[PDB]
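Undergrad: Quick one: the structure is below, and I'll ask about it shortly.
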Amino acid sequence: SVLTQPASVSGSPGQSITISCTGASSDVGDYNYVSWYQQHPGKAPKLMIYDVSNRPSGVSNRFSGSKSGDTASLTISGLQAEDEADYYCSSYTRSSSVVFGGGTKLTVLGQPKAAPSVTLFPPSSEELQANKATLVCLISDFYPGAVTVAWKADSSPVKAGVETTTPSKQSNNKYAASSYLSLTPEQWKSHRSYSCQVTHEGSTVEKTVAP
Amino acid sequence: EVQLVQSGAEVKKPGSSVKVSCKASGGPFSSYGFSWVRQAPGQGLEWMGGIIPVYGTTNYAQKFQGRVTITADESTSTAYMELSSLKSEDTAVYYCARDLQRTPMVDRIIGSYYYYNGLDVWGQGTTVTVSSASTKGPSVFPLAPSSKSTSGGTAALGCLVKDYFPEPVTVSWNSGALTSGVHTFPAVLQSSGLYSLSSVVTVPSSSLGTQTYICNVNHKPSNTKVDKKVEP
Ligand SMILES: *[C@@H]1O[C@H](CO)[C@@H](O[C@@H]2O[C@H](CO)[C@@H](O[C@@H]3O[C@H](CO)[C@@H](O)[C@H](O)[C@@H]3O)[C@H](O)[C@H]2NC(C)=O)[C@H](O)[C@H]1NC(C)=O
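Line order of the protein sequences matches chains K and J. According to PDB author numbering, numbering within the first sequence proceeds without interruption in unit steps and concludes at 212. According to PDB author numbering, numbering within the second sequence proceeds without interruption in unit steps and concludes at 232.
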């Protein structure tokens with residue numbers, strides 16, 4: 002048995018939002034051991050709803066649960082900025098003894114945009130003496146954390162030797178990411194220049210280095 | 001309230017096994033169901049198994065049947081999860097979480113019996129990295145600043161920490177003196193299985209050629225410590 006969950010839901014502050022588990026309701030005379038969890042990045046999940054309409058002590062009454070047919074729903078009223086986290090549903094069945102849903106990433110909208118600050122470094126002389134070359138493209142202070150990177154050498158796109166990280170939230174609620182281009186010292190000084198283009202929300206910022 | 005304390009991080013080669021402890025530093029332990037849930041980085045929660053220590057019963061998910069084993073120690077109030085035949089897809093954060101209500105009284109105990117109301121108390125998690133790569137110290141290369149001391153504004157310089165394993169590495173600047181403008185980026189996992197990251201400082205351009213900039217790379221698993229001077 003599988004519990005399906007929307008991959009992403011988004012709302013504004015003050016808005017109400019409903020996530021929906023659409024899995025286990027089965028086995029007619031059996032009961033419903035359905036529960037919900039909230040998980041902030043780098044922390045353990047927190048039980049928000051169990052037993053489907055019940056809520057444990059300390060959890061804000063803005064969270065409530067319901068179920069109709071084979072679909073359970075978690076309703077969050079008066080969306081606050083701290084509610085932005087990942088949400089999971091769970092259920093106990095005779096067949097399978099718990100199933101955590103795929104998860105739903107809740108985004109609280111309204112926050113201002115931010116273009117990425119990009120810094121590009123050429124390979125060091127000390128690295129070229131070791132017969133290696135690596136281009137370092139560093140992406141900082143962009144909001145939200147969605148971005149894609151394309152490398153080029155004299156207007157020609159290059160795919161070989163590109164290692165790009167996933168975005169990560171900084172301490173200032175903005176995101177960061179880095180991309181690395183590996184080259185032999187021949188490919189570096191034979192070409193005219195190298196560029197790292199960072200496209201963010203349709204706006205592309207570019208930086209270029211050359212030997 | 002109840003606290004679940006888990007063992008430290010673990011790194012394993014494929015085909016080996018790992019055992020994670022879960023010490024219930026509170027009251028509940030005996031008559032309470034304990035579950036083990038893992039979460040791959042950037043993925044959803046996945047339940048592996050559960051145990052009820054008072055009844056000596058365990059229940060395992062069909063995906064992990066045969067290579068997972070959950071045991072309990074009623075004396076020290078500690079739970080254990082052992083996963084064998086480790087594959088690279090098993091790299092995840094492994095949590096242990098107690099249930100919310102005391103187990104009901106079962107007169108006819110099934111050997112696979114388990115109950116689930118909700119996991120309200122969770123442990124801090126245990127990171128288990130399953131790779132096949134060997135421990136390797138990183139090569140540290142400077143990232144020379146592009147702009148000059150007369151170009152005005154601000155300049156950027158840094159260091160490249162390439163081809164190391166495993167995580168983590170720490171990068172300071174000027175022995176911890178320079179902490180402003182420092183941005184150490186998360187590492188990338190290459191196809192070779194080795195990590196590579198960079199750390200850079202945004203410095204005033206007028207300080208180039210005047211203030212010495214040195215990055216301090218420290219990779220404890222390989223006992224590697226490199227001090228690299230970055231020059232224009
Ligand atoms: C009665 O039966 C229980 C089992 O239901 C026995 O409990 C077991 O107690 C021993 C210690 O007395 C536990 O062993 C310990 O293992 C840890 C490693 O996990 C080790 O570091 C310790 O030094 C110790 O050897 C054992 O885990 C535990 N087993 C279970 C399933 O709880 C109990 O000893 C029995 N008592 C009598 C008087 O027969």
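Where is the CB? At the ideal position from N, CA and C, for every residue including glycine.
Does the contact criterion of 3 or more C-beta pairs under 8 Å hold for the segment 112-119 of chain K versus the segment 30-44 of chain K?
TA: In short, these stretches do not touch, since the Cβ pair count stays below three.
Undergrad: Could you list the residues in the segment 42-57 of chain K with a C-beta less than 7 Å from some C-beta on chain J, going in chain order?
TA: For the segment 42-57 of chain K, which is checked against every Cβ of chain J, the residues closer than 7 Å are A45, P46, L48, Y51, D52 and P57.
Undergrad: I need the straight-line Cα distance from K:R193 to J:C159, nearest angstrom please.
TA: For the purposes of this step, residue 193 of chain K is taken as residue 192 along the first sequence, with counting starting at 1. For the purposes of this step, residue 159 of chain J is taken as residue 159 along the second sequence, with counting starting at 1. Spanning the two alpha carbons is a distance of roughly 24 Å.
Undergrad: Starting from K:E127, trace the alpha helix (DSSP H) both ways and give me its first and last residue.
TA: Residue numbering aside, residue 127 of chain K sits at position 126 when the first sequence is read from its first letter. Here the alpha helix (DSSP H) through K:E127 covers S126 to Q130.
Undergrad: Cβ atoms of J:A144 and J:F165: under 8 Å apart, would you say?
TA: Your numbering for residue 165 of chain J matches position 165 in the second sequence. Your numbering for residue 144 of chain J matches position 144 in the second sequence. For J:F165 and J:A144, no; Cβs fall outside 8 Å.
Undergrad: Give me whichever residues DSSP pairs with K:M49 in a beta bridge.
TA: For this step, residue 49 of chain K is matched to residue 48 along the first sequence. According to DSSP, K:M49 bridges with nothing at all.
Undergrad: Residues around ligand 1, please: the ones whose beta-carbon is closer than 5 Å to some heavy atom of it, in chain order.
TA: Spelled out in chain order, the answer is J:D73 and J:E74.
Undergrad: So which residues on chain K does J:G123 lean against when the C-beta distance must stay under 7 Å?
TA: Taking the first residue of the second sequence as position 1, residue 123 of chain J is located at position 123. Neighbours of J:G123 on chain K, chain order: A45.
Undergrad: Would you mind listing the beta strand (DSSP E) stretches within the segment 52-113 of chain K that are 3+ residues and don't spill past its ends, in chain order?
TA: Whole beta strand (DSSP E) segments, 3+ residues: 64-69, 72-77, 87-93 and 105-109.
Undergrad: How would you list, in chain order, the residues of chain K whose beta-carbon sits under 8 Å from the beta-carbon of J:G27?
TA: For the purposes of this step, residue 27 of chain J is taken as residue 27 along the second sequence, with counting starting at 1. The contacting residues do not exist; J:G27 stays about 17 Å from chain K at best.
Undergrad: Where does J:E10 sit, in a helix, a strand or coil, going by DSSP?
TA: If you number the second sequence from 1, residue 10 of chain J lands on position 10. In this structure, J:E10 counts as strand in the three-state DSSP scheme.
Undergrad: Which same chain residues end up closer than 8 Å to J:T57 when comparing Cβ atoms and leaving out the 5 residues on each side of it in sequence?
TA: As a first step, residue 57 of chain J must be located in the second sequence, where it is residue number 57. Excluding sequence neighbours, J:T57 sits near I51, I109, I110, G111, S112, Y113 and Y114.
Undergrad: Can we count J:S206 as close to ligand 2, meaning its CB is less than 7 Å from some heavy atom?
TA: This structure simply doesn't include ligand 2; it includes ligand 1 instead.
Undergrad: Alpha carbon to alpha carbon, how far is J:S131 from K:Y176?
TA: Position 131 of the second sequence holds residue 131 of chain J. Position 175 of the first sequence holds residue 176 of chain K. Their backbone Cα atoms lie some 28 Å apart in a straight line.
Undergrad: Distance, Cα to Cα, J:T202 vs J:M48?
TA: Counted from its first residue, the second sequence places residue 202 of chain J at position 202. Counted from its first residue, the second sequence places residue 48 of chain J at position 48. For J:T202 and J:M48, the distance between alpha carbons rounds to 46 Å.
Undergrad: Just to confirm the assignment, what range does the alpha helix (DSSP H) spanning K:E202 have?
TA: Taking the first sequence and counting its residues from 1, the one referred to as residue 202 of chain K is at position 201. K:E202 -> no alpha helix (DSSP H), and no H or E assigned at all.
Undergrad: Tell me, to the nearest whole angstrom, how far the beta carbon of J:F34 is from that of J:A79; I am working on the premise that it is less than 8 Å.
TA: Counted from its first residue, the second sequence places residue 34 of chain J at position 34. Counted from its first residue, the second sequence places residue 79 of chain J at position 79. Right, the Cβ-Cβ distance comes to about 5 Å (below 8 Å), so this counts as a contact.
Undergrad: Output yes or no for whether 8 Å exceeds the beta carbon distance between K:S92 and K:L4.
TA: Your numbering for residue 92 of chain K matches position 91 in the first sequence. Your numbering for residue 4 of chain K matches position 3 in the first sequence. Cβ atoms of K:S92 and K:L4: closer than 8 Å.
Undergrad: My output table needs one value for J:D163: the three-state DSSP class, helix, strand or coil.
TA: As a first step, residue 163 of chain J must be located in the second sequence, where it is residue number 163. Here J:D163 sits in strand by DSSP.
Undergrad: On a Cα-Cα basis, can you pick out the residue from J:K23, J:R102, J:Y95 and J:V37 that is closest to J:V54?
TA: Your numbering for residue 54 of chain J matches position 54 in the second sequence. The residue with the shortest Cα to Cα distance from J:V54 is J:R102.
Undergrad: Given that K:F101 touches chain J, what residues does it touch there, using C-beta distances under 8 Å?
TA: One-based indexing of the first sequence puts residue 101 of chain K at position 100. Near K:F101 (Cβ distances below 8 Å), the residues of chain J are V37, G44, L45, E46 and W47.
Undergrad: Are any of the Cβ atoms in chain K nearer than 8 Å to that of J:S196?
TA: Counting from one through the second sequence, the residue named residue 196 of chain J turns up at place 196. It does: the Cβ of J:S196 has a partner Cβ on chain K nearer than 8 Å.
Undergrad: Residues in the same chain with beta-carbon distance under 8 Å from J:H183, minus the five sequence neighbours each way, listed in chain order, please.
TA: For the purposes of this step, residue 183 of chain J is taken as residue 183 along the second sequence, with counting starting at 1. For J:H183, where only same-chain residues beyond five positions count, the Cβ hits under 8 Å are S199, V200, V201 and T202.
Undergrad: Which one or two residues does DSSP pair with J:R38 in a beta bridge?
TA: As a position in the second sequence, residue 38 of chain J is number 38, starting the count at 1. Answer is J:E46 and J:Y94.
Undergrad: Is the CB of J:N117 under 8 Å away from at least one CB in chain K?
TA: Numbered from 1 along the second sequence, position 117 holds the residue referred to as residue 117 of chain J. Judged by the 8 Å Cβ criterion, J:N117 is in contact with chain K.
Undergrad: Are the segment 166-174 of chain J and the segment 105-113 of chain K touching, with three or more C-beta to C-beta distances below 8 Å?
TA: No, they do not touch.
Undergrad: Pull up the distance between the alpha-carbon of J:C215 and that of K:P168, whole angstroms please.
TA: Position 215 of the second sequence, counting from 1, holds the residue named residue 215 of chain J. Position 167 of the first sequence, counting from 1, holds the residue named residue 168 of chain K. Each residue's alpha carbon lies about 24 Å from the other.
Undergrad: Can you round the beta-carbon distance between K:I18 and K:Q6 to whole angstroms, since I take them to be within the 8 Å contact cut?
TA: Position 17 of the first sequence, counting from 1, holds the residue named residue 18 of chain K. Position 5 of the first sequence, counting from 1, holds the residue named residue 6 of chain K. Not a contact, Cβ separation roughly 13 Å.
Undergrad: So, does the CB of K:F143 fall closer than 8 Å to a CB anywhere in chain J?
TA: Position 142 of the first sequence, counted from the first residue, corresponds to residue 143 of chain K. Answer no: the Cβ-Cβ gap between K:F143 and chain J never drops below 8 Å.
Undergrad: Specify, as a first and last residue, the run of the beta strand (DSSP E) that K:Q39 falls within.
TA: The residue given as residue 39 of chain K occupies position 38 in the first sequence. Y34 to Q40 is the span of the beta strand (DSSP E), which, as asked, contains K:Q39.
Undergrad: Taking the alpha-carbon of J:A156 as reference, which of J:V217, J:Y60, J:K229 and J:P204 has the nearest alpha-carbon?
TA: Within the second sequence, residue 156 of chain J is the residue found at index 156, counting from 1. The candidate whose alpha carbon is nearest that of J:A156 is J:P204.
Undergrad: Which of helix, strand or coil does DSSP assign to J:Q3?
TA: Taking the first residue of the second sequence as position 1, residue 3 of chain J is located at position 3. J:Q3: strand per DSSP, three-state reduction.
Undergrad: I need the straight-line Cα distance from K:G66 to K:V100, nearest angstrom please.
TA: Residue mapping note: residue 66 of chain K aligns to position 65 of the first sequence, counting from 1. Residue mapping note: residue 100 of chain K aligns to position 99 of the first sequence, counting from 1. Distance between the alpha carbons of K:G66 and K:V100: 17 Å.
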